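Visitor: This is the structure I have questions about; it appears just below.
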Amino acid sequence: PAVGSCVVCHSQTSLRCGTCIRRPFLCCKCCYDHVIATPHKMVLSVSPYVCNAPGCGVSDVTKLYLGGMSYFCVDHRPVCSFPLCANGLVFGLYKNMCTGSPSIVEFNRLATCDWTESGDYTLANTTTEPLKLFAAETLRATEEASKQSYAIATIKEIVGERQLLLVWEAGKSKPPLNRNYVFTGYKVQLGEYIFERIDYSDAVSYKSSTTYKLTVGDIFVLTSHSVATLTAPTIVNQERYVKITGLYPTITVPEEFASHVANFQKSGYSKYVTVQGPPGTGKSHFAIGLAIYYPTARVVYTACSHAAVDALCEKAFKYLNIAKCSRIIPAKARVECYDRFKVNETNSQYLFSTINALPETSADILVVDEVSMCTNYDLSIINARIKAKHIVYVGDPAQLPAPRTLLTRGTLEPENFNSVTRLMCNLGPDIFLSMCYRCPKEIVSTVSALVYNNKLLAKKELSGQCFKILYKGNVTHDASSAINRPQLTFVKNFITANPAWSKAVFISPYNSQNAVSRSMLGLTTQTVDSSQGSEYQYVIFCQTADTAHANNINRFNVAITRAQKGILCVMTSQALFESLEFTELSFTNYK
Ligand SMILES: [Zn+2]
Ligand SMILES: [Zn+2]
Ligand SMILES: [Zn+2]
């Protein structure tokens with residue numbers, strides 16, 4: 001409308017800040033505290049607060065006065081007139097009963113910060129529930145406004161169908177050819193486009209909202225997008241029940257899911273349940289396990305990556321009656337997703353969808369997978385689209401968070417990823433998946449005591465092929481992300497003096513160190529990010545340079561736990577080293 005409730009207190013108001021990126025309602029007290037304490041001096045009501053005299057055009061509430069019934073410049077004001085902005089209040093409708101809040105100072109920060117220091121993202125998650133939304137809107141609003149800052153790309157030459165030659169206009173910084181970046185082609189809108197560099201090279205791979213055939217000399221612009229208005233909270237209000245509501249158990253489970261009826265039932269005695277699942281503990285199993293235990297129920301599976309949502313579709317394909325399954329692909333289809341399920345049949349008993357592609361519907365169970373990789377925006381969008389009797393958050397605050405491409409200075413603790421990991425970390429999880437089915441007992445006991453407080457167990461026994469060395473080596477920055485050849489050279493001698501390890505997989509905290517490892521040892525390489533989901537049978541973690549990013553325990557965990565039988569780790573930090581229950585080697589004895 002244009003009369004609403006203060007986004008800080010709940011008071012009624014007709015005023016909103018006209019230079020904050022999202023124009024939020026502010027009451028007469030909070031608007032005062034906002035404008036005196038911040039560069040924001042433009043106040044909007046039904047009519048903007050500007051000077052009425054012709055051609056004046058000053059819009060600084062600290063300079064506008066009320067004369068008669070029109071607003072006035074200091075130079076233009078009539079004889080008697082009072083300021084719009086004095087006494088601690090801004091001139092609005094409900095001037096009597098605007099209470100205000102001490103939390104106005106948290107607003108002023110959220111409304112003014114550039115989203116670069118990690119201190120701001122922690123506030124965005126510890127604040128009041130209404131400000132949790134404002135932070136989330138403005139965060140996504142500035143992120144889409146930064147798109148127009150990155151440079152544009154022209155097509156120099158076509159190296160093949162379908163691979164291209166990036167050419168990036170200098171004079172403005174150049175965005176990463178990444179999934180987090182969606183370009184549109186061109187004076188005709190050719191479609192949506194996503195990019196990926198082919199084997200660490202100067203050319204780029206290519207998937208799109210197909211199928212236009214590109215002409216050399218085209219353009220790719222990171223198009224800024226529109227940002228929703230958040231109304232549903234990040235987490236719906238919690239309800240405890242005396243009996244399984246809305247859902248109807250079955251008798252009985254097949255032999256496979258019997259171990260999870262205990263937990264499947266819990267998911268029915270509360271409005272929302274939170275499930276932690278370290279790698280290999282089979283969370284996709286648990287998630288489809290619900291729809292088997294409550295076969296009458298409509299369940300909607302959702303997550304962030306099309307990869308995660310496809311991971312659920314697959315586990316569902318072999319356990320569920322594909323007749324009433326549907327994959328919800330948006331109108332703009334850029335990634336090739338699942339194919340065996342029907343498409344866009346918004347009525348089927350089983351729905352699979354990206355959060356962004358969620359349709360407005362309802363469910364008896366809503367399953368949100370990879371919850372750590374969410375943003376509080378993502379949550380509020382889930383609760384707005386899906387009215388649901390139950391919600392089962394499934395994720396792991398020890399694995400990866402969502403990439404926050406604006407954050408440069410700072411470290412975000414896992415307790416402040418979502419409103420949901422904040423719960424999992426302080427209160428603990430409701431369900432915990434404690435049996436690891438993927439890893440040798442050596443590496444699971446190291447994580448189980450590093451990040452899981454020894455709640456995590458092992459099924460595989462020890463493997464022996466778990467090794468450990470404190471080789472510092474020197475680091476060199478040809479590329480900004482670091483490089484350390486002196487310890488890769490150790491790997492070469494290791495692998496050359498070793499047998500099956502040739503089929504190992506290289507995992508380093510740094511995007512460059514992998515690339516050179518492609519030169520010096522030519523193994524299959526995967527970033528710790530590009531390894532969640534996949535599991536490998538021999539891995540080598542070559543950390544580097546003692547940066548924070550390198551000592552990041554969470555990312556450490558996802559890398560290590562890719563292993564099925566064997567692992568070694570050349571370590572650049574003496575402290576983390578002795579936490580690995582792996583057999584140590586030395587430079588003089590790496591036999
Ligand atoms: Zn403002
Ligand atoms: Zn207020
Ligand atoms: Zn004026």
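Just remember, in the structure tokens the first chain shown is A, the second B, etc., residues are 1-based per chain, and ligands are 1-based in the order shown.
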Check which residues fall inside 6 Å of ligand 1 when counting only C-alpha atoms and all ligand atoms, and print them as a list in words.
Guide: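 Protein and nucleic-acid residues within 6 Å of ligand 1: residues 17, 19, 20, 40 and 111 of chain A.
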Visitor: Write to file, as a PDB file, in the first residue's frame, the residues of the selection just made, with N, CA and C atoms.
Guide:
```
ATOM      1  N   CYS A  17      11.515   5.224   4.212  1.00  0.00           N
ATOM      2  CA  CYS A  17      12.778   5.824   3.802  1.00  0.00           C
ATOM      3  C   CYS A  17      12.889   5.759   2.290  1.00  0.00           C
ATOM      4  N   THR A  19      15.493   6.627   0.325  1.00  0.00           N
ATOM      5  CA  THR A  19      16.787   6.269  -0.241  1.00  0.00           C
ATOM      6  C   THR A  19      17.332   4.922   0.212  1.00  0.00           C
ATOM      7  N   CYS A  20      16.768   4.295   1.232  1.00  0.00           N
ATOM      8  CA  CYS A  20      17.083   2.896   1.474  1.00  0.00           C
ATOM      9  C   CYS A  20      16.649   2.074   0.272  1.00  0.00           C
ATOM     10  N   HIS A  40      20.613   8.868   5.036  1.00  0.00           N
ATOM     11  CA  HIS A  40      19.293   8.782   4.435  1.00  0.00           C
ATOM     12  C   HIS A  40      18.452   9.941   4.921  1.00  0.00           C
ATOM     13  N   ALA A 111      20.626  -1.072   7.025  1.00  0.00           N
ATOM     14  CA  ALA A 111      20.182  -0.274   5.901  1.00  0.00           C
ATOM     15  C   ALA A 111      21.304   0.464   5.220  1.00  0.00           C
TER      16      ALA A 111
END
```
Visitor: Check which residues fall inside 9 Å of ligand 2 when counting only C-alpha atoms and all ligand atoms, and print them as a PyMOL selection string.
Guide: chain A and resi 5-13+25-31+98-101+104
Visitor: Can you write out the residues you just picked, keeping C-alpha atoms, as a compact mmCIF listing (two decimals), in the first residue's frame?
Guide:
```
# COMPACT_ATOMS: atom_id res chain seq x y z
CA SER A 5 3.67 -0.97 9.78
CA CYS A 6 7.11 0.25 10.86
CA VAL A 7 9.65 -2.40 9.99
CA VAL A 8 11.38 -1.88 13.34
CA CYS A 9 8.67 -1.54 15.99
CA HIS A 10 5.29 -2.58 14.62
CA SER A 11 3.74 0.86 14.86
CA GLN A 12 1.53 2.23 12.16
CA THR A 13 3.03 4.82 9.87
CA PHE A 25 8.05 1.56 6.41
CA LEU A 26 9.41 3.51 9.35
CA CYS A 27 7.38 5.08 12.10
CA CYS A 28 7.78 8.64 13.20
CA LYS A 29 10.34 7.80 15.86
CA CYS A 30 12.31 5.26 13.88
CA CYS A 31 12.32 7.53 10.83
CA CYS A 98 4.88 5.38 17.42
CA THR A 99 6.71 3.58 20.20
CA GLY A 100 10.08 2.82 18.62
CA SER A 101 12.66 0.20 19.49
CA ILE A 104 16.68 0.88 15.55
```
Visitor: Can you pull out every residue within 6 Å of residue 355 (chain A), counting only C-alpha atoms, but drop anything in the same chain fewer than 6 positions away, and send it as a PyMOL selection string?
Guide: chain A and resi 302-304
Visitor: When you draw a straight line from CA of residue 23 (chain A) to CA of residue 183 (chain A), how long is it in Å?
Guide: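 Separation of CA of residue 23 (chain A) and CA of residue 183 (chain A): 27.7 Å.
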Visitor: Name the closest residue to residue 501 (chain A) among the candidates A:485, A:565, A:213, A:324; distances are taken between atoms, counting only C-alpha atoms.
Guide: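 The closest residue to residue 501 (chain A) is A:565.
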Visitor: Got a sec to tell me which of region 305-487 of chain A DSSP assigns to alpha helix (DSSP H), as an MDAnalysis selection string?
Guide: chainID A and resid 306:317 376:385 419:426 441:448 485:487
Visitor: Which residues of chain A come within 6 Å of ligand 3, and what is each one's closest atom pair and distance in Å (one decimal), counting only C-alpha atoms and all ligand atoms, sorted by chain and residue number, as CSV?
Guide:
```
residue,atom,partner,partner_atom_place_in_ligand_line,distance
A:51,CA,ligand 3,1 (Zn),4.7
A:53,CA,ligand 3,1 (Zn),5.5
A:56,CA,ligand 3,1 (Zn),4.3
A:72,CA,ligand 3,1 (Zn),5.6
A:73,CA,ligand 3,1 (Zn),3.5
A:75,CA,ligand 3,1 (Zn),5.8
A:76,CA,ligand 3,1 (Zn),4.6
```
Visitor: Could you name the residues that touch residue 65 (chain A) at 9 Å or less, counting only C-alpha atoms, but leaving out those on the same chain fewer than 3 positions away, as an NGL selection string?
Guide: :A and (51 or 61-62 or 70-74 or 77-78 or 81-85)
Visitor: List the spatial neighbours of region 389-399 of chain A as a ChimeraX atom specification - criterion: any atom at most 8 Å away, only C-alpha atoms, same-chain residues fewer than 2 positions off excluded.
Guide: /A:246,267-268,270-278,283,363-372,387,401,414-415,417,420-421,424-425,451,554-555,557-558
Visitor: Pull C-alpha atoms from the residues just selected and write them as a PDB file, in the first residue's frame.
Guide:
```
ATOM      1  CA  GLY A 246      -2.126 -34.428   9.445  1.00  0.00           C
ATOM      2  CA  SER A 267       8.655 -35.458  12.087  1.00  0.00           C
ATOM      3  CA  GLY A 268       4.976 -35.712  12.861  1.00  0.00           C
ATOM      4  CA  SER A 270       6.158 -30.883  15.663  1.00  0.00           C
ATOM      5  CA  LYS A 271       5.539 -28.236  13.050  1.00  0.00           C
ATOM      6  CA  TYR A 272       9.154 -28.392  11.937  1.00  0.00           C
ATOM      7  CA  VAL A 273      11.983 -30.809  12.614  1.00  0.00           C
ATOM      8  CA  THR A 274      15.691 -30.284  11.963  1.00  0.00           C
ATOM      9  CA  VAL A 275      17.901 -33.139  10.697  1.00  0.00           C
ATOM     10  CA  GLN A 276      21.703 -33.140  10.678  1.00  0.00           C
ATOM     11  CA  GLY A 277      23.434 -35.456   8.261  1.00  0.00           C
ATOM     12  CA  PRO A 278      27.181 -35.718   7.911  1.00  0.00           C
ATOM     13  CA  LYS A 283      20.253 -38.274   3.980  1.00  0.00           C
ATOM     14  CA  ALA A 363       2.081 -30.047   1.231  1.00  0.00           C
ATOM     15  CA  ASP A 364       1.783 -32.361   4.194  1.00  0.00           C
ATOM     16  CA  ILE A 365       5.538 -32.740   4.395  1.00  0.00           C
ATOM     17  CA  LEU A 366       8.002 -30.192   3.019  1.00  0.00           C
ATOM     18  CA  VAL A 367      11.571 -31.436   2.848  1.00  0.00           C
ATOM     19  CA  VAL A 368      14.333 -28.861   2.519  1.00  0.00           C
ATOM     20  CA  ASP A 369      17.636 -30.498   1.680  1.00  0.00           C
ATOM     21  CA  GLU A 370      21.090 -28.999   2.021  1.00  0.00           C
ATOM     22  CA  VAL A 371      19.721 -26.448   4.444  1.00  0.00           C
ATOM     23  CA  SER A 372      23.126 -25.039   5.282  1.00  0.00           C
ATOM     24  CA  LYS A 387       1.846 -23.744   3.201  1.00  0.00           C
ATOM     25  CA  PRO A 401      27.418 -22.579   3.303  1.00  0.00           C
ATOM     26  CA  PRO A 414      28.205 -21.863  10.857  1.00  0.00           C
ATOM     27  CA  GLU A 415      25.822 -20.837  13.577  1.00  0.00           C
ATOM     28  CA  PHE A 417      24.249 -19.297   7.965  1.00  0.00           C
ATOM     29  CA  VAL A 420      17.939 -22.892  10.732  1.00  0.00           C
ATOM     30  CA  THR A 421      21.596 -23.563  11.354  1.00  0.00           C
ATOM     31  CA  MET A 424      20.923 -26.674  14.915  1.00  0.00           C
ATOM     32  CA  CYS A 425      24.040 -25.247  16.471  1.00  0.00           C
ATOM     33  CA  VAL A 451      33.096 -31.017  14.242  1.00  0.00           C
ATOM     34  CA  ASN A 554      34.187 -26.990   7.583  1.00  0.00           C
ATOM     35  CA  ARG A 555      35.653 -27.092   4.082  1.00  0.00           C
ATOM     36  CA  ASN A 557      35.529 -31.838   6.387  1.00  0.00           C
ATOM     37  CA  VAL A 558      33.837 -31.959   2.992  1.00  0.00           C
TER      38      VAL A 558
END
```
Visitor: Measuring atom to atom with only C-alpha atoms, identify which of A:105, A:307, A:2, A:433 is nearest to residue 336 (chain A).
Guide: A:307
Visitor: Take CA of residue 442 (chain A) and CA of residue 470 (chain A) and report the distance between them in Å, one decimal.
Guide: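 CA of residue 442 (chain A) sits 18.1 Å away from CA of residue 470 (chain A).
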Visitor: When DSSP is applied to the backbone of this structure, which of region 262-489 of chain A are assigned strand (DSSP E)? Write them out as a ChimeraX atom specification.
Guide: /A:272-276,299-303,325-328,342-343,350-354,361-369,386-395,431-432,435-436,457-458,466-469
Visitor: Smallest atom-to-atom distance to residue 21 (chain A): which of A:343, A:141, A:222, A:93, using only C-alpha atoms?
Guide: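 Closest to residue 21 (chain A), using only C-alpha atoms: A:141.
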Visitor: Could you list, as a ChimeraX atom specification, every residue within 12 Å of residue 133 (chain A), counting only C-alpha atoms and ignoring same-chain residues fewer than 3 positions away?
Guide: /A:7-8,22,24,107,110-111,123-130,136-141,228-235,375-381,418-419
Visitor: Kindly export the residues of the current selection with N, CA and C atoms, as an mmCIF file, in the first residue's frame.
Guide:
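Dumped to part22.cif:
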```cif
data_model
loop_
_atom_site.group_PDB
_atom_site.id
_atom_site.type_symbol
_atom_site.label_atom_id
_atom_site.label_comp_id
_atom_site.auth_asym_id
_atom_site.auth_seq_id
_atom_site.Cartn_x
_atom_site.Cartn_y
_atom_site.Cartn_z
ATOM 1 N N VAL A 7 8.916 -1.148 10.076
ATOM 2 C CA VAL A 7 9.654 -2.398 9.989
ATOM 3 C C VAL A 7 10.525 -2.624 11.205
ATOM 4 N N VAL A 8 10.568 -1.692 12.145
ATOM 5 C CA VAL A 8 11.376 -1.876 13.341
ATOM 6 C C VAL A 8 10.470 -2.234 14.512
ATOM 7 N N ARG A 22 15.211 -0.585 -0.353
ATOM 8 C CA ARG A 22 13.966 -1.338 -0.364
ATOM 9 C C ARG A 22 12.784 -0.556 0.186
ATOM 10 N N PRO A 24 11.570 0.773 3.191
ATOM 11 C CA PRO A 24 10.761 0.156 4.232
ATOM 12 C C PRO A 24 9.970 1.168 5.028
ATOM 13 N N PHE A 107 18.760 -1.677 12.672
ATOM 14 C CA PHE A 107 18.240 -1.254 11.384
ATOM 15 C C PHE A 107 19.225 -0.336 10.680
ATOM 16 N N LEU A 110 21.954 -2.268 9.134
ATOM 17 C CA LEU A 110 21.517 -3.096 8.029
ATOM 18 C C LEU A 110 21.151 -2.260 6.818
ATOM 19 N N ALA A 111 20.626 -1.072 7.025
ATOM 20 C CA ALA A 111 20.182 -0.274 5.901
ATOM 21 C C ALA A 111 21.304 0.464 5.220
ATOM 22 N N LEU A 123 24.776 -10.028 12.008
ATOM 23 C CA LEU A 123 23.667 -9.211 12.479
ATOM 24 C C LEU A 123 22.380 -9.598 11.771
ATOM 25 N N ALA A 124 22.410 -9.630 10.454
ATOM 26 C CA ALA A 124 21.298 -10.073 9.637
ATOM 27 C C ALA A 124 20.662 -11.373 10.101
ATOM 28 N N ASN A 125 21.297 -12.081 11.018
ATOM 29 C CA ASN A 125 20.783 -13.357 11.464
ATOM 30 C C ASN A 125 20.508 -13.411 12.941
ATOM 31 N N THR A 126 20.995 -12.451 13.711
ATOM 32 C CA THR A 126 20.741 -12.413 15.136
ATOM 33 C C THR A 126 19.719 -11.367 15.522
ATOM 34 N N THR A 127 19.187 -10.620 14.561
ATOM 35 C CA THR A 127 18.299 -9.493 14.828
ATOM 36 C C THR A 127 16.888 -9.975 15.108
ATOM 37 N N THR A 128 15.957 -9.040 15.170
ATOM 38 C CA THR A 128 14.558 -9.377 15.310
ATOM 39 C C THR A 128 14.048 -10.059 14.060
ATOM 40 N N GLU A 129 12.909 -10.705 14.187
ATOM 41 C CA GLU A 129 12.388 -11.394 13.019
ATOM 42 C C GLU A 129 12.040 -10.447 11.881
ATOM 43 N N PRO A 130 11.439 -9.283 12.137
ATOM 44 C CA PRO A 130 11.147 -8.393 11.008
ATOM 45 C C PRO A 130 12.384 -7.819 10.363
ATOM 46 N N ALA A 136 17.540 -9.384 4.651
ATOM 47 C CA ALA A 136 17.572 -10.354 3.579
ATOM 48 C C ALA A 136 17.177 -9.721 2.268
ATOM 49 N N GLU A 137 16.188 -8.837 2.288
ATOM 50 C CA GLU A 137 15.797 -8.150 1.066
ATOM 51 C C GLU A 137 16.915 -7.263 0.568
ATOM 52 N N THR A 138 17.436 -6.395 1.436
ATOM 53 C CA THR A 138 18.459 -5.461 0.996
ATOM 54 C C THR A 138 19.721 -6.191 0.594
ATOM 55 N N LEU A 139 20.052 -7.282 1.268
ATOM 56 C CA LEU A 139 21.207 -8.063 0.850
ATOM 57 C C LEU A 139 21.045 -8.541 -0.580
ATOM 58 N N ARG A 140 19.899 -9.131 -0.898
ATOM 59 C CA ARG A 140 19.674 -9.602 -2.255
ATOM 60 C C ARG A 140 19.476 -8.447 -3.206
ATOM 61 N N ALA A 141 19.018 -7.319 -2.708
ATOM 62 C CA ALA A 141 18.841 -6.190 -3.593
ATOM 63 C C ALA A 141 20.181 -5.603 -3.991
ATOM 64 N N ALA A 228 12.036 -9.988 -4.680
ATOM 65 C CA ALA A 228 10.733 -10.092 -4.057
ATOM 66 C C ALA A 228 10.675 -9.265 -2.788
ATOM 67 N N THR A 229 9.477 -9.148 -2.241
ATOM 68 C CA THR A 229 9.252 -8.526 -0.950
ATOM 69 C C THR A 229 8.911 -9.628 0.032
ATOM 70 N N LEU A 230 9.659 -9.702 1.119
ATOM 71 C CA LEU A 230 9.567 -10.825 2.029
ATOM 72 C C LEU A 230 8.501 -10.561 3.069
ATOM 73 N N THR A 231 7.609 -11.517 3.253
ATOM 74 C CA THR A 231 6.588 -11.419 4.284
ATOM 75 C C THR A 231 6.576 -12.597 5.236
ATOM 76 N N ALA A 232 6.784 -13.803 4.749
ATOM 77 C CA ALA A 232 6.781 -14.943 5.637
ATOM 78 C C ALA A 232 8.082 -14.976 6.405
ATOM 79 N N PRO A 233 8.051 -15.375 7.655
ATOM 80 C CA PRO A 233 9.264 -15.354 8.452
ATOM 81 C C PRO A 233 10.277 -16.319 7.882
ATOM 82 N N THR A 234 11.460 -16.321 8.473
ATOM 83 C CA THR A 234 12.464 -17.276 8.041
ATOM 84 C C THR A 234 12.103 -18.676 8.497
ATOM 85 N N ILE A 235 11.601 -18.813 9.712
ATOM 86 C CA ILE A 235 11.092 -20.084 10.200
ATOM 87 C C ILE A 235 9.700 -19.847 10.743
ATOM 88 N N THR A 375 19.900 -19.211 2.303
ATOM 89 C CA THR A 375 19.981 -17.862 2.831
ATOM 90 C C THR A 375 18.637 -17.520 3.450
ATOM 91 N N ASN A 376 18.635 -16.652 4.455
ATOM 92 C CA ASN A 376 17.380 -16.335 5.115
ATOM 93 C C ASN A 376 16.338 -15.856 4.131
ATOM 94 N N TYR A 377 16.758 -15.243 3.037
ATOM 95 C CA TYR A 377 15.838 -14.973 1.948
ATOM 96 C C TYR A 377 15.215 -16.261 1.454
ATOM 97 N N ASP A 378 16.043 -17.260 1.179
ATOM 98 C CA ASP A 378 15.550 -18.525 0.655
ATOM 99 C C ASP A 378 14.511 -19.131 1.569
ATOM 100 N N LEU A 379 14.735 -19.076 2.873
ATOM 101 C CA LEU A 379 13.739 -19.600 3.789
ATOM 102 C C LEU A 379 12.428 -18.844 3.636
ATOM 103 N N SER A 380 12.446 -17.533 3.822
ATOM 104 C CA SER A 380 11.209 -16.773 3.734
ATOM 105 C C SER A 380 10.482 -17.008 2.425
ATOM 106 N N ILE A 381 11.189 -17.353 1.367
ATOM 107 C CA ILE A 381 10.501 -17.647 0.119
ATOM 108 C C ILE A 381 9.856 -19.016 0.188
ATOM 109 N N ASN A 418 21.870 -19.682 8.278
ATOM 110 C CA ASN A 418 20.435 -19.461 8.202
ATOM 111 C C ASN A 418 19.887 -19.200 9.589
ATOM 112 N N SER A 419 18.585 -18.970 9.654
ATOM 113 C CA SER A 419 17.923 -19.108 10.931
ATOM 114 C C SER A 419 17.868 -20.561 11.347
#
```
Visitor: With only C-alpha atoms as the basis for distance, which of A:166, A:427, A:505, A:320 is at the shortest distance from residue 290 (chain A)?
Guide: A:320
Visitor: So, with only C-alpha atoms as the atoms that count, which of A:499, A:566, A:295, A:428 lies closest to residue 465 (chain A)?
Guide: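 Closest residue, counting only C-alpha atoms: A:566.
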Visitor: Just checking: using only C-alpha atoms, which residue out of A:339, A:402, A:206, A:461 ends up closest to residue 180 (chain A)?
Guide: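 Closest residue, counting only C-alpha atoms: A:402.
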Visitor: Please, what distance in Å, to one decimal, runs between CA of residue 337 (chain A) and CA of residue 306 (chain A)?
Guide: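 CA of residue 337 (chain A) sits 6.9 Å away from CA of residue 306 (chain A).
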Visitor: Need the shell around residue 279 (chain A): protein/DNA/RNA residues with any atom at most 8 Å away, counting only C-alpha atoms. Skip same-chain ones fewer than 2 positions apart. Format as a list in words?
Guide: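 Contacts, in chain order: residues 277, 281, 282, 436, 438, 558 and 561 of chain A.
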